[PDB]
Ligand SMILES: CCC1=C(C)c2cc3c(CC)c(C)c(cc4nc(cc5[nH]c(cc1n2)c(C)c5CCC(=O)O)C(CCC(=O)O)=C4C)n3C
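Only one chain is shown below, in structure tokens, and it's the form deposited without the named molecule.
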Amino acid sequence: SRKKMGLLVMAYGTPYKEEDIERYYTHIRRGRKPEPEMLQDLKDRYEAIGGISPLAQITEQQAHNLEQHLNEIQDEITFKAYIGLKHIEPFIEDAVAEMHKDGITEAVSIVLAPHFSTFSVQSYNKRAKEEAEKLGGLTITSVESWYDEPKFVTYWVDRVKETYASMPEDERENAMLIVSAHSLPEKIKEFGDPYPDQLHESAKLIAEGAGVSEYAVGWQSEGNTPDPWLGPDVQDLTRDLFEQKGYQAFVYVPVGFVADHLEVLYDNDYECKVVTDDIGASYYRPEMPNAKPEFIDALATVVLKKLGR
């Protein structure tokens, strides 16, 4: 009696093994193969954060935990998860084609990134739709942004509360909360991209929920292009913030990301850690959503909200 639907979970993509690093970054760098040194540096970082295999993994766990959860919290629809990545196979078009081939005709998609941006989300969505329109006999309703879904906000708030709870009294009274997301070229402002505002909004929601009156919005992981990127970068923000007020502890909430990937384990847990360690402040960075039940239910609700269920 159930209606079959495709669950197109989209993401970035992540190397599966060390030997993928090259083509992965080459894809990311639009056909520009990293120099031998970059390559060696990149392998080192991945080794430094615990290896690669666990990364691509999380996304797979996120898709399937959601597929099963959605299939048990309601009995009108039976979902079948499909992973569409951006920089590695299975690519978005690939997933779409598979669904079509499997006979899917009605699908709903979601990107594993809370905030909407013309650069990423709109693109993954427009690509998924043009693939379906190309094959025909397949429609897709795409979720644009879910950074504001209450259960998702609740997740970050609860983690932050525990982190502040864990602090000594003197740190609890002199800490700084740094909410962040992947940086993006400033040019997106040309199109009125809500990305920056959604981040600030995520930051206002979380701080307000955890009862934090001292916090700042920042960006990280910016790429390499002549044109300027969204800032200030978390490294400079921390140092500058310490410079003017002298916070004894910093809390990083990379709300933009949903798991333990490079951008967090290294760019946060190492780069920001280097700076807090230099200024003598304490480093804190709450557990990422990953495939945890609480997170899956939030995503599940977002999908059901998108369907009017």
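The numbering used is simple: start at 1 and walk along the sequence shown.
From this point on, the text means the form deposited with the named molecule bound, which you will not see here.
Can you say which of 184-192, 206-214, 129-137, 94-102 gets within 4.5 Å of the named molecule in the deposited bound form, counting heavy atoms only?
-> Single hit among the candidates: 184-192.
Indicate whether the named molecule has at least one heavy atom within 4.5 Å of a heavy atom of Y24 in the deposited bound form.
-> Output for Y24 is yes: heavy atoms within 4.5 Å of the named molecule.
Just to confirm, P168 within 4.5 Å of the named molecule in the deposited bound form by heavy atoms?
-> No, no contact at 4.5 Å.
Please run the contact check for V275 against the named molecule in the deposited bound form: heavy atoms, 4.5 angstroms, yes or no?
-> Close contact is absent here: in the deposited bound form, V275 is far from the named molecule, nothing within 4.5 Å, heavy atoms only.
Any of the heavy atoms of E72 lying within 4.5 Å of the named molecule in the deposited bound form?
-> No - in the deposited bound form, heavy atoms of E72 and the named molecule never come within 4.5 Å of each other.
Listed residue (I279, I58, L241, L42) with a non-hydrogen atom within 4.5 angstroms of the named molecule in the deposited bound form | Looking at the other structure, the residue within range turns out to be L42.
So which of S142, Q235, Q198, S120 gets a non-hydrogen atom within 4.5 Å of the named molecule in the deposited bound form?
-> Comparing distances to the named molecule in the deposited bound form, the residue within 4.5 Å is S120.
In the deposited bound form, do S221, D227 and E263 all reach within 4.5 Å of the named molecule through at least one heavy atom apiece?
-> Every residue of the spot touches the named molecule in the deposited bound form.
Going through 15-33 from first to last, which residues have a non-hydrogen atom within 4.5 Å of the named molecule in the deposited bound form?
-> Residues within 4.5 Å: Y24, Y25, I28, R29, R30, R32.
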